[PDB]
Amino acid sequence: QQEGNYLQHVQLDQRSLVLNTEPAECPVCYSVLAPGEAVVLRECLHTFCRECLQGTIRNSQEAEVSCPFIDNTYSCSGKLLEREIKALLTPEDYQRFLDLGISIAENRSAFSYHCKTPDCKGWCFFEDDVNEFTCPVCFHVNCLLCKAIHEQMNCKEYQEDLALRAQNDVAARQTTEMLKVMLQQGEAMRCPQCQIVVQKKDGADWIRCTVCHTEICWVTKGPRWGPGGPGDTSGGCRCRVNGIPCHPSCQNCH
């Protein structure tokens, strides 16, 4: 008999969404659910509903949707499987979840060049002697030396054309001067990894870049950690090391 009881779990591996056998309450929306109306995660055996799992994937900017369960004692560390995430989202919402993980990995890497074609999602990795990149999405020859697409003209001509095009672009010079002023005055900084311009609103003295998940020490104006991420004290500001704060004004940068 037990050879068939243990056999019923290979059966659950067939379908993606393992539904609930007995009725259970969803601990996020408090809605009574019948067998077949609730979804049970596989890596933690927690039961939720239709929408609440869909909302957790939406309002999550991490490439790994964590299980949304916590009670009086412990906090669940289970993850949602892609088979469960795909079977919960629409093809449009699922493709956005896949593009989030690609964006995080692209900006985390210091050798990622994106296509300069507007709205294009094509990118690649480069070495140090590569000079061209034929984008596989729009078939446009991205030049890597001057870091822009210039077809039917050489680099010397594109540089000349860019100068003439920018010599009388007052709006471009204005927003450039604003950025330069914002960095000098310490109102904003470029994220030390993905180089995006970020500004700290309220809080203490540390921020996590929502583009590449790099932790930034606001006071020292640089990476909080080394190349190893959170915990790595081989680089960064090395705050609280031997009790010394990273800067006399720092109060909390993790």
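Note that residue numbering follows the sequence shown and begins at 1.
Stretches 169 to 177 and 152 to 160 differ in mean C-alpha B factor, with the higher average recorded for 152 to 160. Taking the mean C-alpha B-factor of each stretch as recorded, 62 to 70 and 47 to 55 are not equal, and the higher mean is that of 47 to 55. When the C-alpha B factors of 188, 194, 26, 204 are read from the deposited coordinates, the top value falls at 26. Among all modelled residues in its chain, residue 91 ranks in the highest third by Cα B-factor. The entry lists a Cα temperature factor for residue 10 that places it in the highest third of the chain's modelled residues. Ranked by C-alpha B-factor against the other modelled residues of its chain, residue 108 falls in the lowest third. Remark: residue 182 belongs to the lowest third of its chain, ranked by C-alpha B-factor as recorded. Sorting the modelled residues of the chain by their CA temperature factor places residue 139 in the highest third.
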